Amino acid sequence: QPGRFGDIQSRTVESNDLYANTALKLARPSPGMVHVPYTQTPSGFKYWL
Amino acid sequence: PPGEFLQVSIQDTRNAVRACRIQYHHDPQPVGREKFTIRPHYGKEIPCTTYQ
Amino acid sequence: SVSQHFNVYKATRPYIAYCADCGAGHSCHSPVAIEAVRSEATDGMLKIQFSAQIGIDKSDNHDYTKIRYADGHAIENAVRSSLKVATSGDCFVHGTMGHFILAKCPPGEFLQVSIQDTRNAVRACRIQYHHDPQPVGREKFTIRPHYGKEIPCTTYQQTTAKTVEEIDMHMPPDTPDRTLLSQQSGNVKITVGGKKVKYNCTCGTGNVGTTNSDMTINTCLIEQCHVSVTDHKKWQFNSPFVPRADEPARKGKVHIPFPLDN
Amino acid sequence: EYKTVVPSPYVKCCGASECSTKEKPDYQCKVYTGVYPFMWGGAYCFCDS
Ligand SMILES: *[C@@H]1O[C@H](CO)[C@@H](O[C@@H]2O[C@H](CO)[C@@H](O)[C@H](O)[C@H]2NC(C)=O)[C@H](O)[C@H]1NC(C)=O
Ligand SMILES: *[C@@H]1O[C@H](CO)[C@@H](O[C@@H]2O[C@H](CO)[C@@H](O)[C@H](O)[C@H]2NC(C)=O)[C@H](O)[C@H]1NC(C)=O
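Numbers attached to residues count from 1 within each chain as its sequence is written and can disagree with those in the entry; no residue without coordinates is shown. Labels follow written order: the first chain is A, the first ligand is 1, and so on. Summary scope: the chains shown constitute part of a larger assembly, and all values are computed over the shown part. Just so you know, side-chain values use all the structure's heavy atoms and leave hydrogens and water out.

- In the PDB archive, cryo-EM is given as the structure determination method for this entry, at a resolution of 3.5 Å.

## Considerations on the interface of chain C and chain D
Thought 1: The contact rule is simple, with two residues in contact once any of their heavy atoms fall within 4.5 Å. Listed as interface residues are 22 residues of chain C and, on the opposing side, twelve residues of chain D.
Thought 2: Counting the surface lost from both chain C and chain D, the interface buries some 1600 Å², and carbon and sulfur atoms represent 64% of this.
Thought 3: It is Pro 176, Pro 243 and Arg 244 of chain C that lose the most area in chain C upon contact with chain D, and together they represent 35% of the buried surface on that side.
Thought 4: Polar contact is the term for a pair of N or O atoms within 3.5 Å; when the atoms are in protein, one must be able to donate a hydrogen and the other to accept it, and sequence-neighboring residues count only if both atoms are side-chain atoms. Across the contact surface, chain C and chain D share five residue pairs in polar contact.
Thought 5: Strands are runs of DSSP state E lasting at least two residues, helices are runs of H or I lasting at least four, and both sets are numbered from the N terminus onward. At the level of elements, β13 (175–177) and β19 (225–229) of chain C are the ones that each hand at least two residues to the side of chain C that touches chain D.
Thought 6: Under the convention adopted here, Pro, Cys and the residues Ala, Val, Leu, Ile, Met, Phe, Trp and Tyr are nonpolar, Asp, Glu, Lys and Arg are charged, and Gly plus all remaining residues are polar. Counted by class, the side of chain C that touches chain D contains seven nonpolar, ten polar and five charged residues. Using a 1.4 Å probe, buried area is obtained as the accessible area two parts lose upon being combined, added over both of them.

## Here's the deal with the packing of aromatic side chains
Thought 1: Side-chain rings of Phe, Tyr and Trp (the six-membered ring for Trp) are treated as a pair once their centres are within 6.5 Å; stacked means planes under 30 degrees apart, edge-to-face means over 60, and tilted covers the remaining angles. Applying the stated criterion to the full structure yields five aromatic pairs over all chains.
Thought 2: Aromatic side chains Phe 45 of chain A and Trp 48 of chain A sit 6.1 Å apart centroid to centroid with 55° between the ring planes, which places their arrangement in the tilted category. Placement of the pair is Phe 45 of chain A and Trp 48 of chain A together in helix α1 (residues 44–48), with a separation of three residues, close to one helical turn.
Thought 3: Ring-pair connections join several aromatic residues into one group, and the members of that group are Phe 5, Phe 45 and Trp 48 of chain A.
Thought 4: For a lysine, the NZ atom is tested; for an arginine, the CZ atom; a charge sits over a ring if that atom is within 6 Å of the ring centre and within 35 degrees of the ring normal. It is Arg 21 of chain B that lies over the ring of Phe 5 of chain B; its NZ or CZ is 4.2 Å from the centre.
Thought 5: A cation over an aromatic ring shows up here: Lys 47 of chain C above the ring of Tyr 156 of chain C, its NZ or CZ 4.7 Å from the ring centre.

## Brief notes about the nonpolar core
Residue and element names in this part refer to chain C.
Thought 1: One finds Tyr 9, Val 32, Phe 50 and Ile 167 to be the most contacted residues of the largest nonpolar core, which totals 39 residues.
Thought 2: Secondary structure elements with two or more residues in this core: β1 (17–19), β4 (46–56), β5 (62–71), β8 (92–104), β9 (108–116), β10 (122–131) and β12 (166–170).
Thought 3: The element contributing the most residues to this core is β4, with six residues.
Thought 4: Not counting chain neighbours up to four residues away, the residues in contact with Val 32 comprise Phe 50, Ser 51, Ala 52, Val 113, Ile 115, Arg 123, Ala 124 and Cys 125.
Thought 5: Counting seven residues, the second-largest nonpolar core is a separate cluster that includes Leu 180, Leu 181, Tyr 199 and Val 227. We define a nonpolar core as any set of buried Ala, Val, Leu, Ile, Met, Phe, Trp, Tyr and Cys residues linked to one another through side-chain atoms lying within 4.5 Å. When a residue's accessible area, from a 1.4 Å probe over protein chains only, is under 20% of the maximum for its type it is buried; when over 50% it is exposed; and in between it is partly exposed.

## A look at the sheet that holds strand β17 (residues 208–211) of chain C
Residue and element names in this part refer to chain C.
Thought 1: When DSSP finds at least two bridges between two strands, those strands are taken to pair. Pairing within the open sheet is antiparallel, and its four strands lie in the order β13-β19-β16-β17. With partners counted over all chains shown, the strands left at the sheet margins are β13 and β17, one partner each. Going from strand to strand, the sheet's axes swing by 30° on average, the running direction of each strand aside.
Thought 2: For β13 and β19, the ladder comprises three bridges, and the chain directions are antiparallel. The residue bridging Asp 177 from the neighbouring strand is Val 227, located in β19. Only the stretch in contact is used when fitting a helix axis, every axis being a line fitted to C-alpha atoms; angles between N-to-C directions are given from 0 to 180 degrees.

## With respect to the site of ligand 2
Thought 1: In the vicinity of ligand 2, the residues found are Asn 200, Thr 202 and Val 208 of chain C together with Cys 14 and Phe 46 of chain D.
Thought 2: Here a residue counts as near a molecule or strand whenever at least one of its heavy atoms sits within 4 Å of it. At the site occupied by ligand 2, nearby residues are drawn from chains C and D.
Thought 3: The separation between an oxygen atom of ligand 2 and a polar side-chain atom of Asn 200 of chain C is 2.4 Å.
Thought 4: Shrake-Rupley sampling with a 1.4 Å probe provides the accessible areas, and residues are treated as covered by the protein chains on show and by no other component. Contact with the protein chains hides 32% of the accessible area of ligand 2, taken as 580 Å² for the molecule alone.
Thought 5: Residue composition of the shell around ligand 2, grouped by class: three nonpolar, two polar and no charged.

## Overview of the site of ligand 1
Thought 1: Residues in close proximity to ligand 1 include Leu 260, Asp 261 and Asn 262 of chain C, which together make up its full environment.
Thought 2: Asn 262 of chain C is positioned with one of its side-chain polar atoms (N or O) 2.4 Å from an oxygen atom of ligand 1.

Printed below as a string of structure tokens:
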């Protein structure tokens, strides 16, 4: 679940596959500017630490 | 920036330093409902009052 | 060799980005805009990435006392003894290379990086970054004592050797410009300036293409045409604040400096 | 702890774009119409809307 332990998952350190769930949402850019606005719940690992 | 006192200083003809120092409790709260410090690169426009 | 270490950097150039606050609370376009801050090390050695490159001159050569930065369409140089990093007080710069500055700062709330210009102006970019360190162990000290214990910790080395971590490289896009147009009676004159120019006019028929000289188009107003610099033989960093060129493919990779060590 | 990779946005003047789905963790893509980007020099495209 996002915002808690286990947001980013991997079978092992060298595994090429990954499972992610962090609620990455995009938004429409502000007029007269070039950028990409995105909102995302912070990493659960830091909160757990 | 936030602080408790205020100092204004200039330099003399003789290359001296002339300063005055008073107490003034300064702590500015940005308008709205968020206590930020730096303008963001994406947000909302809210009316505010400034010095021209 | 030290000069040989920047063999890849001969194929990269700085850029200008969008800085939300550049000194007086006015969003502007800056050559020292910050991109990201990494604080993986438990020592507290911040690593800052910004557009301006440190260690190369405009002549595309090694020099440790000069910083090359994009200005207009050209590349200018600034003295290295005029770089300041500040959170709440004056920080201490430990190491620099190319796109990255490795430094240490006291506790604060906002991070600001400032450089000097050719005209002795000050170009600064400042963002928000909640930073406070807690040293490894069970004591919240501030200054190293003269008698104590040794604990393992992680820091950033000053070695510039090749490392696994990489950064991407992309083709810079065409930059529109409006200072290359002039009005004469009833015609528009556009100047090459020494660079390839792509032009699209709406007046008339068949007035679109690419040129390398000074041309005049008759019976056309100045607002009726667009010109853009299109040469861009160098490579630019893939940043979200700049548009991407027509090609959506990766173009290069550049090794990152200052790895993590125990 | 994780990181978010976001490439430079694609701006198309006088046309339309449509992004296909790829097999990446939490890949989010979107297309926005009616944009007038600006740069340090001037407008990016003739096409207003
Ligand atoms: C801190 O020291 C530890 C112990 O040597 C390092 O962790 C080892 O790194 C090697 C790299 O070849 C691995 O093969 C080992 O499996 C690691 N040990 C464990 C227990 O996982 C660690 O890399 C050092 N820290 C840094 C920043 O280099
Ligand atoms: C040059 O600019 C003109 C517009 O000033 C472009 O013409 C447009 O092309 C699109 C693509 O089909 C049409 O939907 C528009 O109606 C056209 N506008 C006009 C006013 O005719 C033209 O494509 C541009 N050419 C280049 C090479 O950029």
